[PDB]
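Undergrad: Contents of protein02.pdb (PDB, C-alpha atoms) are given next:
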```pdb
ATOM      1  CA  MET O   1      38.089  98.610  70.116  1.00  0.00           C
ATOM      2  CA  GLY O   2      37.208  99.462  66.587  1.00  0.00           C
ATOM      3  CA  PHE O   3      36.254  96.647  64.304  1.00  0.00           C
ATOM      4  CA  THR O   4      36.482  98.444  61.052  1.00  0.00           C
ATOM      5  CA  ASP O   5      35.843  96.032  58.266  1.00  0.00           C
ATOM      6  CA  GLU O   6      34.166  96.729  55.063  1.00  0.00           C
ATOM      7  CA  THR O   7      34.538  93.931  52.685  1.00  0.00           C
ATOM      8  CA  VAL O   8      33.160  95.348  49.448  1.00  0.00           C
ATOM      9  CA  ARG O   9      32.623  91.755  48.331  1.00  0.00           C
ATOM     10  CA  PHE O  10      34.396  91.177  45.106  1.00  0.00           C
ATOM     11  CA  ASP O  11      32.666  87.877  44.353  1.00  0.00           C
ATOM     12  CA  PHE O  12      34.470  86.393  41.473  1.00  0.00           C
ATOM     13  CA  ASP O  13      32.368  84.511  39.048  1.00  0.00           C
ATOM     14  CA  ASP O  14      33.151  80.826  38.810  1.00  0.00           C
ATOM     15  CA  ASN O  15      35.301  80.143  35.808  1.00  0.00           C
ATOM     16  CA  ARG O  16      38.601  79.020  37.237  1.00  0.00           C
ATOM     17  CA  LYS O  17      39.420  75.436  38.032  1.00  0.00           C
ATOM     18  CA  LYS O  18      41.863  73.838  40.494  1.00  0.00           C
ATOM     19  CA  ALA O  19      41.314  77.092  42.411  1.00  0.00           C
ATOM     20  CA  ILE O  20      41.859  75.377  45.757  1.00  0.00           C
ATOM     21  CA  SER O  21      45.448  74.843  44.719  1.00  0.00           C
ATOM     22  CA  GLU O  22      45.981  78.532  44.069  1.00  0.00           C
ATOM     23  CA  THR O  23      43.995  79.364  47.193  1.00  0.00           C
ATOM     24  CA  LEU O  24      46.280  77.418  49.540  1.00  0.00           C
ATOM     25  CA  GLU O  25      49.317  78.594  47.625  1.00  0.00           C
ATOM     26  CA  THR O  26      48.191  82.119  48.388  1.00  0.00           C
ATOM     27  CA  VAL O  27      47.208  81.320  52.019  1.00  0.00           C
ATOM     28  CA  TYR O  28      50.564  79.642  52.592  1.00  0.00           C
ATOM     29  CA  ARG O  29      52.507  82.661  51.389  1.00  0.00           C
ATOM     30  CA  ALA O  30      50.263  85.008  53.366  1.00  0.00           C
ATOM     31  CA  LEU O  31      51.467  83.577  56.665  1.00  0.00           C
ATOM     32  CA  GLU O  32      55.048  83.417  55.391  1.00  0.00           C
ATOM     33  CA  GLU O  33      54.824  87.168  54.814  1.00  0.00           C
ATOM     34  CA  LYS O  34      53.114  87.774  58.161  1.00  0.00           C
ATOM     35  CA  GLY O  35      55.566  85.685  60.129  1.00  0.00           C
ATOM     36  CA  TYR O  36      53.146  82.991  61.172  1.00  0.00           C
ATOM     37  CA  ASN O  37      53.025  79.259  60.774  1.00  0.00           C
ATOM     38  CA  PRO O  38      50.911  78.538  57.651  1.00  0.00           C
ATOM     39  CA  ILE O  39      50.584  74.859  58.361  1.00  0.00           C
ATOM     40  CA  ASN O  40      49.571  75.341  61.946  1.00  0.00           C
ATOM     41  CA  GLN O  41      46.913  77.878  61.051  1.00  0.00           C
ATOM     42  CA  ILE O  42      45.598  75.901  58.039  1.00  0.00           C
ATOM     43  CA  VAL O  43      45.309  72.592  59.922  1.00  0.00           C
ATOM     44  CA  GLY O  44      43.602  74.505  62.720  1.00  0.00           C
ATOM     45  CA  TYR O  45      41.266  76.201  60.250  1.00  0.00           C
ATOM     46  CA  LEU O  46      39.901  73.067  58.588  1.00  0.00           C
ATOM     47  CA  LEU O  47      39.352  71.057  61.737  1.00  0.00           C
ATOM     48  CA  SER O  48      38.071  73.934  63.867  1.00  0.00           C
ATOM     49  CA  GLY O  49      35.983  75.892  61.292  1.00  0.00           C
ATOM     50  CA  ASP O  50      36.861  79.549  62.003  1.00  0.00           C
ATOM     51  CA  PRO O  51      38.095  82.206  59.465  1.00  0.00           C
ATOM     52  CA  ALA O  52      40.179  83.946  62.196  1.00  0.00           C
ATOM     53  CA  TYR O  53      42.794  81.199  61.867  1.00  0.00           C
ATOM     54  CA  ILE O  54      43.977  82.980  58.743  1.00  0.00           C
ATOM     55  CA  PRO O  55      45.329  86.542  59.387  1.00  0.00           C
ATOM     56  CA  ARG O  56      43.685  89.368  57.442  1.00  0.00           C
ATOM     57  CA  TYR O  57      46.685  90.324  55.373  1.00  0.00           C
ATOM     58  CA  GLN O  58      45.626  89.269  51.948  1.00  0.00           C
ATOM     59  CA  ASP O  59      42.480  88.248  50.048  1.00  0.00           C
ATOM     60  CA  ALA O  60      43.631  84.709  50.974  1.00  0.00           C
ATOM     61  CA  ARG O  61      41.457  84.854  54.132  1.00  0.00           C
ATOM     62  CA  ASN O  62      38.455  85.462  51.842  1.00  0.00           C
ATOM     63  CA  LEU O  63      39.580  82.875  49.271  1.00  0.00           C
ATOM     64  CA  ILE O  64      39.868  80.096  51.852  1.00  0.00           C
ATOM     65  CA  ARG O  65      36.600  81.173  53.404  1.00  0.00           C
ATOM     66  CA  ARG O  66      34.760  80.798  50.114  1.00  0.00           C
ATOM     67  CA  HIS O  67      35.624  77.137  50.058  1.00  0.00           C
ATOM     68  CA  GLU O  68      34.281  74.453  52.307  1.00  0.00           C
ATOM     69  CA  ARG O  69      36.817  73.002  54.682  1.00  0.00           C
ATOM     70  CA  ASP O  70      35.404  69.641  53.657  1.00  0.00           C
ATOM     71  CA  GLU O  71      35.982  70.410  49.962  1.00  0.00           C
ATOM     72  CA  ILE O  72      39.526  71.693  50.557  1.00  0.00           C
ATOM     73  CA  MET O  73      40.403  68.700  52.698  1.00  0.00           C
ATOM     74  CA  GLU O  74      39.210  66.305  49.947  1.00  0.00           C
ATOM     75  CA  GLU O  75      41.519  68.117  47.554  1.00  0.00           C
ATOM     76  CA  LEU O  76      44.377  67.755  50.077  1.00  0.00           C
ATOM     77  CA  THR O  77      43.745  64.063  50.429  1.00  0.00           C
ATOM     78  CA  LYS O  78      43.434  63.534  46.650  1.00  0.00           C
ATOM     79  CA  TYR O  79      46.639  65.317  45.882  1.00  0.00           C
ATOM     80  CA  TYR O  80      48.483  63.471  48.625  1.00  0.00           C
ATOM     81  CA  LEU O  81      47.728  60.110  47.047  1.00  0.00           C
ATOM     82  CA  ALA O  82      47.953  61.451  43.489  1.00  0.00           C
ATOM     83  CA  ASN O  83      51.585  62.499  43.613  1.00  0.00           C
ATOM     84  CA  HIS O  84      52.165  59.341  45.568  1.00  0.00           C
ATOM     85  CA  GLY O  85      51.511  57.540  42.282  1.00  0.00           C
ATOM     86  CA  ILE O  86      47.825  56.871  42.627  1.00  0.00           C
ATOM     87  CA  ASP O  87      45.349  58.075  40.056  1.00  0.00           C
ATOM     88  CA  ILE O  88      42.199  59.055  41.785  1.00  0.00           C
ATOM     89  CA  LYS O  89      38.984  58.313  40.021  1.00  0.00           C
TER      90      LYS O  89
ATOM     91  CA  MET A   1      44.191  87.852  76.815  1.00  0.00           C
ATOM     92  CA  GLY A   2      44.951  84.219  76.718  1.00  0.00           C
ATOM     93  CA  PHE A   3      48.491  84.468  75.507  1.00  0.00           C
ATOM     94  CA  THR A   4      49.639  80.943  75.929  1.00  0.00           C
ATOM     95  CA  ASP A   5      51.984  79.007  73.732  1.00  0.00           C
ATOM     96  CA  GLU A   6      50.606  75.584  73.541  1.00  0.00           C
ATOM     97  CA  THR A   7      53.295  73.294  72.470  1.00  0.00           C
ATOM     98  CA  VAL A   8      51.997  70.198  74.121  1.00  0.00           C
ATOM     99  CA  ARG A   9      55.104  68.142  73.148  1.00  0.00           C
ATOM    100  CA  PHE A  10      52.927  65.051  73.589  1.00  0.00           C
ATOM    101  CA  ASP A  11      55.060  63.492  70.837  1.00  0.00           C
ATOM    102  CA  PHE A  12      54.745  59.779  71.223  1.00  0.00           C
ATOM    103  CA  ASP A  13      57.657  57.658  70.201  1.00  0.00           C
ATOM    104  CA  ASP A  14      57.277  56.403  66.716  1.00  0.00           C
ATOM    105  CA  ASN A  15      60.176  54.964  64.809  1.00  0.00           C
ATOM    106  CA  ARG A  16      58.789  55.486  61.328  1.00  0.00           C
ATOM    107  CA  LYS A  17      58.820  58.431  58.961  1.00  0.00           C
ATOM    108  CA  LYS A  18      56.800  58.924  55.748  1.00  0.00           C
ATOM    109  CA  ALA A  19      54.686  56.152  57.253  1.00  0.00           C
ATOM    110  CA  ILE A  20      51.596  58.302  56.987  1.00  0.00           C
ATOM    111  CA  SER A  21      52.138  58.314  53.269  1.00  0.00           C
ATOM    112  CA  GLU A  22      52.327  54.565  53.216  1.00  0.00           C
ATOM    113  CA  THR A  23      49.355  54.370  55.591  1.00  0.00           C
ATOM    114  CA  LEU A  24      47.031  56.389  53.355  1.00  0.00           C
ATOM    115  CA  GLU A  25      48.221  54.300  50.429  1.00  0.00           C
ATOM    116  CA  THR A  26      47.036  51.262  52.376  1.00  0.00           C
ATOM    117  CA  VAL A  27      43.752  52.980  53.351  1.00  0.00           C
ATOM    118  CA  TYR A  28      43.145  54.034  49.754  1.00  0.00           C
ATOM    119  CA  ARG A  29      43.603  50.441  48.544  1.00  0.00           C
ATOM    120  CA  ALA A  30      41.295  49.216  51.315  1.00  0.00           C
ATOM    121  CA  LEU A  31      38.301  51.210  50.111  1.00  0.00           C
ATOM    122  CA  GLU A  32      38.854  50.317  46.472  1.00  0.00           C
ATOM    123  CA  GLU A  33      38.667  46.637  47.404  1.00  0.00           C
ATOM    124  CA  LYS A  34      35.444  47.430  49.252  1.00  0.00           C
ATOM    125  CA  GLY A  35      34.012  49.406  46.354  1.00  0.00           C
ATOM    126  CA  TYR A  36      33.868  52.740  48.145  1.00  0.00           C
ATOM    127  CA  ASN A  37      35.460  56.094  47.476  1.00  0.00           C
ATOM    128  CA  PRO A  38      38.641  56.298  49.622  1.00  0.00           C
ATOM    129  CA  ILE A  39      38.670  60.087  49.652  1.00  0.00           C
ATOM    130  CA  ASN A  40      35.100  60.445  50.959  1.00  0.00           C
ATOM    131  CA  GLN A  41      35.744  58.311  53.992  1.00  0.00           C
ATOM    132  CA  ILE A  42      39.261  59.661  54.744  1.00  0.00           C
ATOM    133  CA  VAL A  43      38.166  63.326  54.683  1.00  0.00           C
ATOM    134  CA  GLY A  44      35.490  62.521  57.241  1.00  0.00           C
ATOM    135  CA  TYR A  45      37.903  60.754  59.568  1.00  0.00           C
ATOM    136  CA  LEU A  46      40.356  63.601  60.041  1.00  0.00           C
ATOM    137  CA  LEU A  47      37.963  66.479  60.439  1.00  0.00           C
ATOM    138  CA  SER A  48      35.417  64.598  62.523  1.00  0.00           C
ATOM    139  CA  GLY A  49      37.842  62.632  64.700  1.00  0.00           C
ATOM    140  CA  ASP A  50      35.849  59.473  64.276  1.00  0.00           C
ATOM    141  CA  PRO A  51      37.756  56.217  63.427  1.00  0.00           C
ATOM    142  CA  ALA A  52      34.525  54.572  62.242  1.00  0.00           C
ATOM    143  CA  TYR A  53      34.856  56.434  58.921  1.00  0.00           C
ATOM    144  CA  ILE A  54      37.292  53.841  57.652  1.00  0.00           C
ATOM    145  CA  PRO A  55      35.735  50.455  56.668  1.00  0.00           C
ATOM    146  CA  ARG A  56      37.072  47.440  58.463  1.00  0.00           C
ATOM    147  CA  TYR A  57      38.421  45.334  55.691  1.00  0.00           C
ATOM    148  CA  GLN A  58      42.117  45.602  56.067  1.00  0.00           C
ATOM    149  CA  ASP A  59      44.538  46.603  58.845  1.00  0.00           C
ATOM    150  CA  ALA A  60      44.396  50.063  57.222  1.00  0.00           C
ATOM    151  CA  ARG A  61      41.628  51.035  59.685  1.00  0.00           C
ATOM    152  CA  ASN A  62      43.929  50.141  62.572  1.00  0.00           C
ATOM    153  CA  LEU A  63      46.949  51.829  60.937  1.00  0.00           C
ATOM    154  CA  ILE A  64      45.203  55.145  60.415  1.00  0.00           C
ATOM    155  CA  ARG A  65      43.799  54.925  63.905  1.00  0.00           C
ATOM    156  CA  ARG A  66      47.333  54.762  65.364  1.00  0.00           C
ATOM    157  CA  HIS A  67      48.003  58.168  63.859  1.00  0.00           C
ATOM    158  CA  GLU A  68      46.455  61.321  65.188  1.00  0.00           C
ATOM    159  CA  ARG A  69      44.109  63.157  62.829  1.00  0.00           C
ATOM    160  CA  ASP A  70      46.181  66.314  63.340  1.00  0.00           C
ATOM    161  CA  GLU A  71      49.409  64.474  62.532  1.00  0.00           C
ATOM    162  CA  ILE A  72      48.051  63.236  59.228  1.00  0.00           C
ATOM    163  CA  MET A  73      46.299  66.506  58.395  1.00  0.00           C
ATOM    164  CA  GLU A  74      49.494  68.578  58.811  1.00  0.00           C
ATOM    165  CA  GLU A  75      51.306  66.051  56.670  1.00  0.00           C
ATOM    166  CA  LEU A  76      48.573  66.456  54.026  1.00  0.00           C
ATOM    167  CA  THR A  77      48.838  70.211  54.197  1.00  0.00           C
ATOM    168  CA  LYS A  78      52.650  70.233  53.884  1.00  0.00           C
ATOM    169  CA  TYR A  79      52.798  67.641  51.148  1.00  0.00           C
ATOM    170  CA  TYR A  80      50.164  69.506  49.145  1.00  0.00           C
ATOM    171  CA  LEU A  81      52.356  72.574  48.909  1.00  0.00           C
ATOM    172  CA  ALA A  82      55.575  70.518  48.871  1.00  0.00           C
ATOM    173  CA  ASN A  83      55.053  68.752  45.585  1.00  0.00           C
ATOM    174  CA  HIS A  84      53.556  72.000  44.400  1.00  0.00           C
ATOM    175  CA  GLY A  85      57.133  73.315  44.432  1.00  0.00           C
ATOM    176  CA  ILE A  86      57.186  74.708  47.946  1.00  0.00           C
ATOM    177  CA  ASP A  87      59.607  73.435  50.564  1.00  0.00           C
ATOM    178  CA  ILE A  88      58.085  73.043  54.021  1.00  0.00           C
ATOM    179  CA  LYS A  89      59.703  71.754  57.204  1.00  0.00           C
TER     180      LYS A  89
END
```
Since I need it in another form, could you write the structure as structure tokens?

TA:
Amino acid sequence: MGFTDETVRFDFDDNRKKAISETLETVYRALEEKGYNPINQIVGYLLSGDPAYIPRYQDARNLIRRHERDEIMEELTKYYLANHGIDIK
Amino acid sequence: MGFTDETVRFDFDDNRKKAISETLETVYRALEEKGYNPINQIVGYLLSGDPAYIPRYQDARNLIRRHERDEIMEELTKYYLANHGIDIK
């Protein structure tokens, strides 16, 4: 084998907001491009806690990894009820 | 080296659809009546697999419990991107 991985570490400074929304948008498309099942890998990622659920195609794997699966899931739950007509406090 | 498709097909017969959406609506209402934060308790339920995360005020705790955490979580994931302008199956 040859695990060649050098993540230079971009580390974007916090300034953006609602980033989780762009993160999953990106992650979703990443698997669409790679021919995988985005939903299946995302659901598996949050409730199993392992970065390898998201294929290393795009910075998406890093983006999702820089957010807590707890945090992301809260956002999922909030949005679910929000567009369902509920304003979350 | 463990190339195994795991489509369990353990699909239990349920006659409802979009019920999860109605269920979380119920659960959300349940915590507001109890003076808690609906999101905090729901997020814990799905990723911990512990029914005790939902307070026992209303039938909501029973309703959510009839649904698998995975089932709801995938629905959350799809819906998140769906109303975001993405069409998911």

Undergrad: Return as CSV the residues of chain O lying at most 10 Å from chain A, together with the closest atom-to-atom pair for each and the distance in Å to one decimal, counting all atoms listed in the file, with rows in chain order and ascending residue number.

TA:
```
residue,atom,partner,partner_atom,distance
O:21,CA,A:80,CA,8.4
O:22,CA,A:81,CA,10.0
O:24,CA,A:81,CA,7.8
O:25,CA,A:81,CA,6.9
O:28,CA,A:81,CA,8.2
O:29,CA,A:86,CA,9.8
O:38,CA,A:77,CA,9.3
O:39,CA,A:74,CA,6.4
O:40,CA,A:74,CA,7.5
O:41,CA,A:74,CA,9.9
O:42,CA,A:77,CA,7.6
O:43,CA,A:74,CA,5.9
O:44,CA,A:70,CA,8.6
O:46,CA,A:47,CA,7.1
O:47,CA,A:47,CA,5.0
O:48,CA,A:47,CA,8.2
O:49,CA,A:47,CA,9.7
O:69,CA,A:47,CA,8.8
O:70,CA,A:43,CA,7.0
O:71,CA,A:43,CA,8.8
O:72,CA,A:43,CA,9.4
O:73,CA,A:43,CA,6.2
O:74,CA,A:43,CA,5.7
O:75,CA,A:39,CA,8.8
O:76,CA,A:76,CA,5.9
O:77,CA,A:76,CA,6.5
O:78,CA,A:39,CA,6.6
O:79,CA,A:80,CA,6.4
O:80,CA,A:76,CA,6.2
O:81,CA,A:25,CA,6.7
O:82,CA,A:25,CA,10.0
O:83,CA,A:83,CA,7.4
O:84,CA,A:21,CA,7.8
O:85,CA,A:25,CA,9.4
O:86,CA,A:25,CA,8.2
O:88,CA,A:39,CA,8.7
O:89,CA,A:37,CA,8.5
```

Undergrad: Since chain O and chain A share a sequence, can you fit the second onto the first over all C-alpha atoms in order and output it as a PDB file with C-alpha atoms, keeping the file's coordinate frame?

TA:
```pdb
ATOM      1  CA  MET A   1      12.744  74.284  64.342  1.00  0.00           C
ATOM      2  CA  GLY A   2      14.980  76.450  62.318  1.00  0.00           C
ATOM      3  CA  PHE A   3      14.670  74.610  59.065  1.00  0.00           C
ATOM      4  CA  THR A   4      16.362  76.985  56.738  1.00  0.00           C
ATOM      5  CA  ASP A   5      18.511  76.166  53.774  1.00  0.00           C
ATOM      6  CA  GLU A   6      21.277  78.616  53.815  1.00  0.00           C
ATOM      7  CA  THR A   7      22.773  78.755  50.444  1.00  0.00           C
ATOM      8  CA  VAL A   8      24.010  82.282  50.595  1.00  0.00           C
ATOM      9  CA  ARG A   9      25.166  82.240  46.923  1.00  0.00           C
ATOM     10  CA  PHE A  10      27.496  85.103  47.851  1.00  0.00           C
ATOM     11  CA  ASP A  11      29.847  83.687  45.201  1.00  0.00           C
ATOM     12  CA  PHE A  12      32.099  86.497  44.167  1.00  0.00           C
ATOM     13  CA  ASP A  13      33.387  86.507  40.651  1.00  0.00           C
ATOM     14  CA  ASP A  14      36.758  84.944  40.426  1.00  0.00           C
ATOM     15  CA  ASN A  15      38.223  83.875  37.136  1.00  0.00           C
ATOM     16  CA  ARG A  16      40.710  81.367  38.491  1.00  0.00           C
ATOM     17  CA  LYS A  17      40.430  77.720  39.441  1.00  0.00           C
ATOM     18  CA  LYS A  18      42.926  75.568  41.385  1.00  0.00           C
ATOM     19  CA  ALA A  19      44.283  78.963  42.408  1.00  0.00           C
ATOM     20  CA  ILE A  20      43.929  78.057  46.054  1.00  0.00           C
ATOM     21  CA  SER A  21      46.375  75.275  45.419  1.00  0.00           C
ATOM     22  CA  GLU A  22      48.816  77.681  43.887  1.00  0.00           C
ATOM     23  CA  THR A  23      48.116  80.184  46.672  1.00  0.00           C
ATOM     24  CA  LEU A  24      49.013  77.785  49.486  1.00  0.00           C
ATOM     25  CA  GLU A  25      52.098  76.813  47.517  1.00  0.00           C
ATOM     26  CA  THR A  26      53.058  80.486  47.594  1.00  0.00           C
ATOM     27  CA  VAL A  27      52.172  80.795  51.310  1.00  0.00           C
ATOM     28  CA  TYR A  28      54.173  77.673  52.126  1.00  0.00           C
ATOM     29  CA  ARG A  29      57.248  79.088  50.358  1.00  0.00           C
ATOM     30  CA  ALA A  30      56.758  82.404  52.167  1.00  0.00           C
ATOM     31  CA  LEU A  31      57.136  80.911  55.633  1.00  0.00           C
ATOM     32  CA  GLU A  32      60.116  78.784  54.664  1.00  0.00           C
ATOM     33  CA  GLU A  33      61.928  81.931  53.543  1.00  0.00           C
ATOM     34  CA  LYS A  34      61.020  83.461  56.899  1.00  0.00           C
ATOM     35  CA  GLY A  35      62.158  80.415  58.843  1.00  0.00           C
ATOM     36  CA  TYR A  36      58.758  79.512  60.246  1.00  0.00           C
ATOM     37  CA  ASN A  37      56.580  76.446  59.949  1.00  0.00           C
ATOM     38  CA  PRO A  38      54.048  77.110  57.136  1.00  0.00           C
ATOM     39  CA  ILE A  39      51.535  74.612  58.478  1.00  0.00           C
ATOM     40  CA  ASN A  40      51.388  76.125  61.982  1.00  0.00           C
ATOM     41  CA  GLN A  41      50.480  79.553  60.720  1.00  0.00           C
ATOM     42  CA  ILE A  42      48.079  78.387  57.958  1.00  0.00           C
ATOM     43  CA  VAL A  43      46.027  76.164  60.300  1.00  0.00           C
ATOM     44  CA  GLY A  44      45.515  79.134  62.595  1.00  0.00           C
ATOM     45  CA  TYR A  45      44.364  81.410  59.792  1.00  0.00           C
ATOM     46  CA  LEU A  46      41.476  79.296  58.552  1.00  0.00           C
ATOM     47  CA  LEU A  47      39.983  78.220  61.835  1.00  0.00           C
ATOM     48  CA  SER A  48      40.472  81.536  63.604  1.00  0.00           C
ATOM     49  CA  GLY A  49      39.553  83.835  60.713  1.00  0.00           C
ATOM     50  CA  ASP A  50      42.482  86.085  61.414  1.00  0.00           C
ATOM     51  CA  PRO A  51      44.675  87.202  58.430  1.00  0.00           C
ATOM     52  CA  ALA A  52      47.493  88.190  60.804  1.00  0.00           C
ATOM     53  CA  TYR A  53      48.506  84.513  61.048  1.00  0.00           C
ATOM     54  CA  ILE A  54      50.410  84.770  57.796  1.00  0.00           C
ATOM     55  CA  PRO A  55      53.758  86.672  57.989  1.00  0.00           C
ATOM     56  CA  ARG A  56      54.100  89.643  55.719  1.00  0.00           C
ATOM     57  CA  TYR A  57      57.044  88.756  53.601  1.00  0.00           C
ATOM     58  CA  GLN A  58      55.566  87.998  50.267  1.00  0.00           C
ATOM     59  CA  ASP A  59      52.282  88.758  48.473  1.00  0.00           C
ATOM     60  CA  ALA A  60      51.191  85.340  49.797  1.00  0.00           C
ATOM     61  CA  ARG A  61      49.606  87.085  52.816  1.00  0.00           C
ATOM     62  CA  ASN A  62      47.522  89.207  50.453  1.00  0.00           C
ATOM     63  CA  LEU A  63      46.712  86.229  48.190  1.00  0.00           C
ATOM     64  CA  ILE A  64      45.394  84.059  50.995  1.00  0.00           C
ATOM     65  CA  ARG A  65      43.488  87.013  52.350  1.00  0.00           C
ATOM     66  CA  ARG A  66      41.578  87.350  49.051  1.00  0.00           C
ATOM     67  CA  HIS A  67      40.212  83.866  49.602  1.00  0.00           C
ATOM     68  CA  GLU A  68      37.649  83.076  52.231  1.00  0.00           C
ATOM     69  CA  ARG A  69      38.758  80.716  54.995  1.00  0.00           C
ATOM     70  CA  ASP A  70      35.747  78.511  54.223  1.00  0.00           C
ATOM     71  CA  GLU A  71      36.612  78.416  50.521  1.00  0.00           C
ATOM     72  CA  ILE A  72      40.121  77.194  51.220  1.00  0.00           C
ATOM     73  CA  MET A  73      39.054  74.834  54.003  1.00  0.00           C
ATOM     74  CA  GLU A  74      36.505  73.023  51.790  1.00  0.00           C
ATOM     75  CA  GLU A  75      39.153  72.758  49.111  1.00  0.00           C
ATOM     76  CA  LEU A  76      41.509  71.233  51.709  1.00  0.00           C
ATOM     77  CA  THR A  77      38.853  68.804  52.824  1.00  0.00           C
ATOM     78  CA  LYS A  78      37.986  67.692  49.268  1.00  0.00           C
ATOM     79  CA  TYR A  79      41.561  67.427  48.096  1.00  0.00           C
ATOM     80  CA  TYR A  80      42.483  65.368  51.151  1.00  0.00           C
ATOM     81  CA  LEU A  81      40.020  62.662  50.208  1.00  0.00           C
ATOM     82  CA  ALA A  82      40.490  63.260  46.465  1.00  0.00           C
ATOM     83  CA  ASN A  83      44.097  62.210  46.195  1.00  0.00           C
ATOM     84  CA  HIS A  84      43.219  59.555  48.720  1.00  0.00           C
ATOM     85  CA  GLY A  85      41.329  57.885  45.863  1.00  0.00           C
ATOM     86  CA  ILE A  86      37.938  59.453  46.443  1.00  0.00           C
ATOM     87  CA  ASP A  87      36.257  61.607  43.822  1.00  0.00           C
ATOM     88  CA  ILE A  88      34.519  64.679  45.224  1.00  0.00           C
ATOM     89  CA  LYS A  89      32.679  67.430  43.365  1.00  0.00           C
TER      90      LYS A  89
END
```

Undergrad: Given the file above and the PyMOL selection byres ((chain A and resi 57-65) around 9), which residues are selected, and can you give them as a VMD selection string?

TA: chain A and resid 20 23 to 31 33 to 34 51 to 56 66 to 69 72

Undergrad: So what do you get for CA of residue 4 in chain O versus CA of residue 35 in chain O, distance-wise?

TA: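 Going from CA of residue 4 in chain O over to CA of residue 35 in chain O, I get 23.0 Å.
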